[PDB]
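Just one chain is shown here, as structure tokens, and it is the form deposited in one PDB entry.
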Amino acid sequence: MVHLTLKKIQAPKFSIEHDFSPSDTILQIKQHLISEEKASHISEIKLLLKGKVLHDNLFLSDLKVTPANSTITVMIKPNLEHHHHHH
């Protein structure tokens, strides 16, 4: 039911999708993007639903992301410190 397609149009940009149960939190989704190295920290990930700023630990039962509004804008900016990238 609670279907969230996280489209990242920031840097280096990408498009992902996730499915979680309503009692899960934005923070868990964030921790997930961290754990899959798609981001640095929970807050460095901005999840927006219909232009609405979702908070770090917002519960999905309060969001109620309907399949009809499943398009999520995810603004993530990873730690581009250029250590491994710079040789």
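Start at 1 with the first residue shown and count on from there.
Although it is not shown, the form solved in complex with a partner chain is what the next lines describe.
*Asks:* Does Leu27 reach the partner chain in the deposited bound form if we count a contact as any heavy atom within 4.5 Å?
*Replies:* No.
*Asks:* Decide whether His41 counts as a contact residue for the partner chain in the deposited bound form under a heavy atom distance cut-off of 4.5 Å.
*Replies:* No, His41 stays farther than 4.5 Å from the partner chain in the deposited bound form.
*Asks:* Is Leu48 close to the partner chain in the deposited bound form, meaning a heavy atom pair under 4.5 Å apart or at it?
*Replies:* Contact with the partner chain, yes.
*Asks:* Is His3 near the partner chain? Define near as a heavy atom within 4.5 Å, in the deposited bound form.
*Replies:* Result no; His3 lies far from the partner chain in the deposited bound form.
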